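Enquirer:
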Amino acid sequence: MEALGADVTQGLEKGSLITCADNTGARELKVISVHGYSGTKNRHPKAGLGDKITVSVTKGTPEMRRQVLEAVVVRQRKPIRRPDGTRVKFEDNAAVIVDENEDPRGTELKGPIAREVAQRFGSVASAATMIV
Amino acid sequence: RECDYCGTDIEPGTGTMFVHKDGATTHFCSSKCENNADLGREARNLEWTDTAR
Amino acid sequence: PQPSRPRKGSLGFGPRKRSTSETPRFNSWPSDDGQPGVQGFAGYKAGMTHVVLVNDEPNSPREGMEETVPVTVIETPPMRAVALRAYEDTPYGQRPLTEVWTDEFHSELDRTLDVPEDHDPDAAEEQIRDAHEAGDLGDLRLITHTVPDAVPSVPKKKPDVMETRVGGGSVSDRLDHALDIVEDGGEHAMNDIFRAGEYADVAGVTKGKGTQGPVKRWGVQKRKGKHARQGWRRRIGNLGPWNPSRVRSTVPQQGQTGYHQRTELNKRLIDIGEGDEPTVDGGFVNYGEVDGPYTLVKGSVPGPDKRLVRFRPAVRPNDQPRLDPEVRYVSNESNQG
RNA sequence: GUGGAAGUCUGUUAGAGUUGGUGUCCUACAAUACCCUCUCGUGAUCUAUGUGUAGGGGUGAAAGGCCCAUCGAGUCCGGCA
RNA sequence: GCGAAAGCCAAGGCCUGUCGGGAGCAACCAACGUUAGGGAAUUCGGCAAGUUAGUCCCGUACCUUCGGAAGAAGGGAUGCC
RNA sequence: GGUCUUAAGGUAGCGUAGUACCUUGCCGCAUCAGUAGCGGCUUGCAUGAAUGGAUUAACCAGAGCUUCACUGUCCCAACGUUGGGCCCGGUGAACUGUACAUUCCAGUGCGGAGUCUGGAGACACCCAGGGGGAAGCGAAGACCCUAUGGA
RNA sequence: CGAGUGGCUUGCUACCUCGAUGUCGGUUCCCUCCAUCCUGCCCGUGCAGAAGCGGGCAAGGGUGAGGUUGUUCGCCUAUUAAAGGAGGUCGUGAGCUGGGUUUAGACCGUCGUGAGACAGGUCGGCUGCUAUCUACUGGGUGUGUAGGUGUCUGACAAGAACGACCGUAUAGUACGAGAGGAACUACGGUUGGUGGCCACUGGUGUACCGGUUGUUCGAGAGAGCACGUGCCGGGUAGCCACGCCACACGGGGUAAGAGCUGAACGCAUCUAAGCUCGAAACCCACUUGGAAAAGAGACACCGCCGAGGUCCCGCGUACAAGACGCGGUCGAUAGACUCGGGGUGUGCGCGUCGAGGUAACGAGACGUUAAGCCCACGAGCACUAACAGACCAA
Ligand SMILES: [Cl-]
Ligand SMILES: [Cl-]
Ligand SMILES: [K+]
Ligand SMILES: [Mg+2]
Ligand SMILES: [Mg+2]
Ligand SMILES: [Mg+2]
Ligand SMILES: [Mg+2]
Ligand SMILES: [Mg+2]
Ligand SMILES: [Mg+2]
Ligand SMILES: [Mg+2]
Ligand SMILES: [Mg+2]
Ligand SMILES: [Mg+2]
Ligand SMILES: [Mg+2]
Ligand SMILES: [Mg+2]
Ligand SMILES: [Mg+2]
Ligand SMILES: [Mg+2]
Ligand SMILES: [Mg+2]
Ligand SMILES: [Mg+2]
Ligand SMILES: [Mg+2]
Ligand SMILES: [Mg+2]
Ligand SMILES: [Mg+2]
Ligand SMILES: [Mg+2]
Ligand SMILES: [Mg+2]
Ligand SMILES: [Mg+2]
Ligand SMILES: [Mg+2]
Ligand SMILES: [Mg+2]
Ligand SMILES: [Mg+2]
Ligand SMILES: [Mg+2]
Ligand SMILES: [Mg+2]
Ligand SMILES: [Mg+2]
Ligand SMILES: [Mg+2]
Ligand SMILES: [Mg+2]
Ligand SMILES: [Mg+2]
Ligand SMILES: [Mg+2]
Ligand code: NA
Ligand code: NA
Ligand code: NA
Ligand code: NA
Ligand code: NA
Ligand code: NA
Ligand code: NA
Ligand code: NA
Ligand code: NA
Ligand code: NA
Ligand code: NA
Ligand code: NA
Ligand code: NA
Ligand code: NA
Ligand code: NA
Ligand code: NA
Ligand code: NA
Ligand code: NA
Ligand code: NA
Ligand code: NA
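Taken in sequence, the protein lines are chains A, B and C. Going by UniProt numbering, the first sequence wraps up at 132, each residue one higher than the last. Going by UniProt numbering, the second sequence wraps up at 57, each residue one higher than the last. Going by UniProt numbering, the third sequence wraps up at 338, each residue one higher than the last.
(1) Note down the Cα distance separating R249 of chain C from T40 of chain A, rounded to an integer number of angstroms.
(2) Between the region 81-106 of chain A and chain C, which residues of the former have a C-beta closer than 7 Å to a C-beta of the latter?
(3) Go through its chain and collect everything with a Cβ distance to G198 of chain C's Cβ below 6 Å, but skip five positions before and after it.
(4) Distance check for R247 of chain C and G13 of chain C, CA to CA, integer angstroms please.
(5) Any beta carbon of chain B sitting closer than 9 Å to that of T280 of chain C?
(6) So which of C:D282, C:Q213, C:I129 and C:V302 has the shortest CA-CA distance to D90 of chain C?
(7) Give me the chain C residues within the contact set of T40 of chain A, using Cβ-Cβ distance strictly less than 7 Å, ordered along the chain.
(8) How far does the beta strand (DSSP E) with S33 of chain A in it reach, from first residue to last?
(9) Under 8 Å from any heavy atom of ligand 2, does the C-beta of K225 of chain C make it?
(10) Identify the residues that DSSP records as bridge partners of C20 of chain A: which are they?
(11) Along the region 35-60 of chain C, what residues have a CB closer than 7 Å to any CB found in chain B?
(12) Any Cβ of chain B within less than 9 Å of the Cβ of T73 of chain C?
(13) Using DSSP bridges, identify the partner residues of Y45 of chain C.
(14) Indicate the three-state DSSP secondary structure (helix, strand or coil) for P122 of chain C in the structure shown.
(15) So with Cβ pairs under 9 Å, would you call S332 of chain C a contact of chain B?
(16) Beta-carbon of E67 of chain C versus every beta-carbon of chain A: anything under 9 Å?
(17) Below 9 Å between beta carbons: does that hold for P79 of chain A and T19 of chain A?
(18) Can you list the residues of chain C that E15 of chain B reaches, using a CB-CB cut of under 7 Å?
(19) Using a beta-carbon distance below 9 Å, is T12 of chain B in contact with chain A?
(20) Quick one, are the C-beta atoms of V74 of chain C and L270 of chain C less than 9 Å apart?
(21) Thinking C-alpha only, which one of C:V53, C:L85, C:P59 and C:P79 is nearest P71 of chain C?
(22) Beta-carbon separation of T24 of chain C and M163 of chain C under 9 Å?
(23) What would DSSP say about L297 of chain C, mapped onto helix, strand or coil?
(24) With DSSP run on the structure shown, which of helix, strand or coil describes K268 of chain C?
(25) Cβ closer than 9 Å: which chain A residues qualify as neighbours of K25 of chain B?
(26) Does the contact criterion of 3 or more C-beta pairs under 8 Å hold for the region 23-32 of chain A versus the region 104-120 of chain A?
(27) Any beta carbon of chain C sitting closer than 9 Å to that of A3 of chain A?
(28) Relative to the C-alpha of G211 of chain C, which candidate in C:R6, C:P7, C:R17 and C:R8 has its C-alpha closest?
(29) Applying the 10 Å Cβ sphere with the 16-neighbour rule, what's the burial state of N39 of chain B?
(30) If you draw a straight line from the C-alpha of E102 of chain A to the C-alpha of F121 of chain A, how long is it?
(31) Within 10 angstroms of the Cβ of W52 of chain B, are there 16 or more other Cβ atoms? Answer buried if so, exposed if not.
(32) Among C:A315, C:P153 and C:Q3, which one has its Cα closest to the Cα of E265 of chain C?
(33) Please confirm if the region 5-18 of chain B is in contact with the region 114-131 of chain A, defined as three or more CB-CB distances below 8 Å between the two stretches.
(34) So the beta strand (DSSP E) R142 of chain C belongs to, where does it begin and stop?
(35) Whose C-beta lies closer than 7 Å to the C-beta of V152 of chain C among residues of the same chain, with five residues either side of it excluded?
(36) In terms of residue numbering, what span does the alpha helix (DSSP H) encompassing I182 of chain C cover?
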C-alpha cells in the first residue's frame, strides 16, 4: 500500500476489542485478521493505525452483531512517529467499518482521525469531522 | 513549539502529542509533564512550571 | 505438525569470538574509478544527537520539507599517512614488496612503533618502480595513524595504526599521488576524502558484553508458561538430536558476545565540519566536549564512545550521492534528562 | 425488643488437617523435609498421661488401612546347610 | 485494633537457625519487584500470578426443604484539624 | 408373530448418560471458528426403580463449561533486588572406574561401533558452560512368557 | 493389465536388548531429503486478456495465527505469495510438560455363581543423579615455526544476509463485442530474517527527591523498622525494544528451455564436434574468522647489552579466573573541591494568615525559597593518589 508517512508500533492484536468510530450500529469490534499480513511462529498477528483489518461485531444492534466485516484502524493508544520526530497517541483504539471499495459503511465518523489515514483511505478521510 | 503543560519550549524533534477523545490536542515536552497531568494536577499549581512562574 | 521458523541468529558473523584488533581492518576497498585518492579515514566516536534536515530525496513526496534525523557525532581530526606500502602479485596472492617512509613524525608515534631512524626512501621507491616496470605491482596502500592527542575526550595518546588502500587513475599516476602525500608529512583530513552527502561504510569493534546466554546472544526464546517455573528459564530445549551423536556448532550456545568487528554499510555522511556546533549541553555522557574536526554520521555506528571507527567510501551503494544536505537545526540539548 | 440455639458462619487465637504449586529438596536439614496456597477450628472436636485388645490374631467411619522406617498375614530365633 | 491478628516496641534473651575474604558481582539458577500497547492469543486446563479486600449507609435476582440463597449483585462513604 | 427359551418380557421415570459401539449422532444455543459445554430429539451396541428410579434447596481444597473483572500465561521480552554461581583462605566427602581412549563421516559386524575397515580430521595442557553421545549413572524388568515356583 | 521405486503406514518374521536402550502427544533447538505448496526461470493449453489448469528445471528462502480434541490425524475460521510433505532411536524426558495409554482408590455399563474381567467409558493418582570420557560454544597457558615492535598476506572456513508482498506511474493502456483488464521499467512502502545502536519514544532504574500510614527514639527537628523499597508519586546514568540505523546491483558458468551454425543421412535437424542465450539454484562479488597453512607466510623499522616485554601503581572503550585496552609527573588516569549539565518539587527556622477556642491550643495557607536535598555525566583544577622499584630478555 501507500506509505502512511509515519512509523507505527502496532498496538493491537488478533482478538483485541476496539471502538467502532462510526454510526453503523456496531459499537464494539473484535479484531480477527490484518490484511496482507503474515507473522512468524508464536507471534500474535498485529495491527495498528492505517491497517485494513477483518473484524467481527461484538456489541451493537442485533442485526450488526456477529457479522464479520472489514474495517480500517483510525486511532490507537500506542504512539506513532511522525517525520518531524514527534510522537502521536490517542485516547482510545478505534476503527471504522469499510466495504469492498473502502467506502465507510456508515454516514458519520465519531471522534478524531489520524491525518496519515487520509493518504490511504480517501473516502474515509473525506468523511471525517476532525483530522489531527 | 511550547509545551501545553509546563510552558517551556519543546526541543524540536522531541515530545509527544496526545489526542483527546473530543479531538482536542495536547503537546507534551516530556513524560514528567504527561504524568503530572494524568495525576489530575494543573501546571499552574506546580511551582517548577514556567506556567506557574 | 511443528510450524517452520528461521534459525536463531545469523551464522555469518562467526565464530562469535573476541576481536583480535580493537582497530578495525577492512577486508574490501572501493573500485579504482575517479582520480587517485586515499580510500578511507578514521575518527573517535563521541555520542548522538539529532538534526533537522531538508528532505533531499528527489523521489520523496516530502522532498523539500523539514525532517528529524538521528546522528552519531564522530571526532575526525587530521590523520597522517606515514608511509606508502607496495604489494606485488604472486602465485600466492599479494605480498608486501617494500615501503617508503618519511622523517617527520608525530611526537608520540613512538608509543606504538619503533620509529625509523635510518631508512632509504629512494631505494624503496626504485624497487617499486622496477616492479611496476615488470608489471608485478599489486595495489598501493598507505600506512596511516591517528592523533588521539588532538582529541581531549579520549584518554589515549598512543596512536592507532592502520593501512588504507589508495585507488586512483593509473597505477603510475596514483603511485606518484601516494608518494606526494607521504613525503610531505602525510597530513590529511576527512575533507580530502569525503564530501558531506556521500555514503560511507563504517567499520568498528562493537561494545563488549562479556559472556552472555543464548537468549541475548542468539535470540532464542525463554522457556514459556509452566516450563519457565520448572527450573529452566533461559536455556534451550536441547543440544541436538540423538544422531548425529555430537553437538553441532550451529546450535545457539553461551559465549562471548560483543567486542566483534562489524562493517556497517551505506552510512550517509550528513555533515563534515569543525568546532563545537554539534556538542551537547553538559557534555556527551561518558565522553566529553566536542570542539574540533567532526563528522556527523546518519544513524548509529558500531562500538562505544571513545572507540576508533573507520570510514571508507561505500563499496556497494544503493542510492546516488546527494551532496551537502541542508541542515536547518542541530540539537545541543543535554543528553542527561 | 429480649434471649443466645447450632456436628452454623468468618477466623495462620491455640490446636488439628493436608488441596494446588506437580515449586525448593531429591549422595536432602529430613529413609516423607522447607516455603507459599489451602481445609477444620463447641464438636462424631483436638490433646497428655495411664490403661486394654497380639499375629491367621488384634484394630479398621473399609484404603487390604494400621499393629515401633517391617503388613494380601509383624518381629526375633529356631526347623535350616 | 474486633482481637491471644499484623506491624512496631519494652522486660527478658540472643548476634550459635555458627565458616570467612573479594569482584557493579558476567552466563546460568533459586526466591522476588516493576514492565509500554494488547488482555488467556498461553495451556489438557487461567497451572502460576493477579484482581477484590477492613467498617458504615443504601440496595440485593433465580431458586428454596421458608432455615436459606446473601457479604448475592450493584452504588456511596472513609484522613486530619 | 397379530407365542418360544426359561418364571416374567421393562411399568413411573430417565436417556448419545461418569451407562451410547456406530460418534465429532441430528437440530438449536454460543464463538470468526466450539470432537467441549448446555437444551431438545433419542429406536437405549449394553438405561430403570432400596443391585433403588427420578429429582432436589443447602453444603464442597470433588468433575466439565460460560461471562464480567484481572493480569508478564502469551505476543516478547527488559531492567532491577537478595542468596548462590566466579576468584581467594580454611575444611573436605560421594557416585563411578575390564582396558585403551583427540575424534568425525561412511561401511561392516549378533541387524543400534571412540576401539573392526576405508577415508577425513587431529600440537599439548587448563578455565567456564549448557547437557548431543558413551544404546551415560542408578535397580539381576514391574510389562510378556517359561518353572510339574510362592502367596 | 503389465513393470517398478521408496521404507512415512499396516501386516509378517522373531535377528538384537528382559543383571531395563524411559511411553504417546506437545514443546524447545539443530541438521537434512524432494516425490515442489509459494517464490525464480521455463513448456503445453480446450493459451484473446485477466484468472486458471497441467507439465519441466529447481531445495536459496518461506510455508504463519486461531476454535473443538490428550490426541497424532483430522474438522472448522479469518488472514496469506503459499500457509507442501518427509527423515534424523516414529530426532529431541542425564531439556521441559505429564493431558492420554498402563500400577495401587472409586463409579457406571456389559460378562461371571464368585474372586474378578473388559482391545468399554469415567474421576484421582510421583518424573532420581554433584559430568570421568567424548562433542560443541566461548576463554586462557604452553610448545613448534626460530630477538622485538607495528602493519599485512590468505590456504581454507561460515553466511540467507537477505527472502517475500502491497501500492503508484506505466494505464483504465495492450487484449477484448463488452464485461473486464495485463507487462517491461522506474519508484514509495510493508512484512519475515539479519547485524548494530540509545539523539528520539518507551520499560527499568530496592541511585536519588517528595508525599504519606503504623510504631519507637518525650515533642519539634532528624531518624530506624514494616523483606530484604512500608506504601504511593516522579525519575538521572546505564542496560534495553515496544525505539532508531544499515543489510545491492552486477559480472561468470549452467539446468529446464529458446535458438544459431552444422554433419552423420547431398535434404532436414538446437547436438554428434562448435556457438549464442537462459533459474530465487552454482561461482564471484559483500560480511565474519583465519600464520599451527609442518611449503608453519610477507614487509618496514628497532634491537642482540640491550629493543622490547612481564611484575608494579592509577584506571576501564575490557572482563566469571586468565585475557584485553589506556594512563603513569615530559601526567588530566582516579578521587577531593568548584563550575557546567541533570533528578525531585519549594527545606529548617522565623514572620503573617488560619475554622475556631477565655485561654491553652490549632490541621493547614502565604512569604522568605526555581528553595532544600541529591547525581553512576562533563569541564576546570596537580590539592591527594599514579610513588618506590623489581624482573626477563637474543
Ligand atoms: Cl490472522
Ligand atoms: Cl518452553
Ligand atoms: K527388554
Ligand atoms: Mg505455538
Ligand atoms: Mg526530554
Ligand atoms: Mg517440574
Ligand atoms: Mg539521556
Ligand atoms: Mg463449624
Ligand atoms: Mg474457620
Ligand atoms: Mg492412650
Ligand atoms: Mg483393593
Ligand atoms: Mg503490560
Ligand atoms: Mg486457547
Ligand atoms: Mg495454542
Ligand atoms: Mg490458582
Ligand atoms: Mg446432547
Ligand atoms: Mg423392586
Ligand atoms: Mg581409522
Ligand atoms: Mg531379571
Ligand atoms: Mg502380571
Ligand atoms: Mg498358589
Ligand atoms: Mg539412555
Ligand atoms: Mg525434481
Ligand atoms: Mg537448505
Ligand atoms: Mg522419538
Ligand atoms: Mg520432528
Ligand atoms: Mg535426551
Ligand atoms: Mg528424566
Ligand atoms: Mg540431571
Ligand atoms: Mg496423566
Ligand atoms: Mg483426564
Ligand atoms: Mg486420568
Ligand atoms: Mg614436536
Ligand atoms: Mg527497609
Ligand atoms: Na528443577
Ligand atoms: Na523453579
Ligand atoms: Na534420549
Ligand atoms: Na424472638
Ligand atoms: Na501442604
Ligand atoms: Na502371621
Ligand atoms: Na531358619
Ligand atoms: Na436392570
Ligand atoms: Na469436607
Ligand atoms: Na515478572
Ligand atoms: Na551429554
Ligand atoms: Na542389559
Ligand atoms: Na514427545
Ligand atoms: Na526451496
Ligand atoms: Na486444532
Ligand atoms: Na529411543
Ligand atoms: Na522426566
Ligand atoms: Na516426552
Ligand atoms: Na546467471
Ligand atoms: Na607462524
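Positions of the beta carbon are idealized from the N, C-alpha and C atoms, including for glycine.
Expert: Result, derived from the coordinates:
(1) 25 Å
(2) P83, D84 and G85
(3) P322, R323, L324, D325 and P326
(4) 22 Å
(5) no
(6) C:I129
(7) Within chain C, the residues near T40 of chain A are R6.
(8) Taken as a continuous stretch (DSSP letters only), the beta strand (DSSP E) holding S33 of chain A covers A26 to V34.
(9) yes
(10) A:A95
(11) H51 and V53
(12) no
(13) C:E76 and C:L309
(14) It is helical.
(15) yes
(16) Yes, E67 of chain C counts as interfacial toward chain A.
(17) no
(18) Chain C residues near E15 of chain B: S332 and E334.
(19) no
(20) no
(21) C:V53
(22) A contact, by the Cβ cut-off of 9 Å.
(23) strand
(24) strand
(25) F90, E91, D92, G111 and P112
(26) yes
(27) For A3 of chain A, the answer is yes, since a Cβ of chain C falls inside 9 Å of its Cβ.
(28) C:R17
(29) exposed
(30) Using only the alpha carbons, I get a separation of about 7 Å.
(31) exposed
(32) Out of C:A315, C:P153 and C:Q3, C:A315 has the C-alpha closest to the C-alpha of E265 of chain C.
(33) no
(34) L138 to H146 is the span of the beta strand (DSSP E), which, as asked, contains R142 of chain C.
(35) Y45, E76 and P78
(36) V172 to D185
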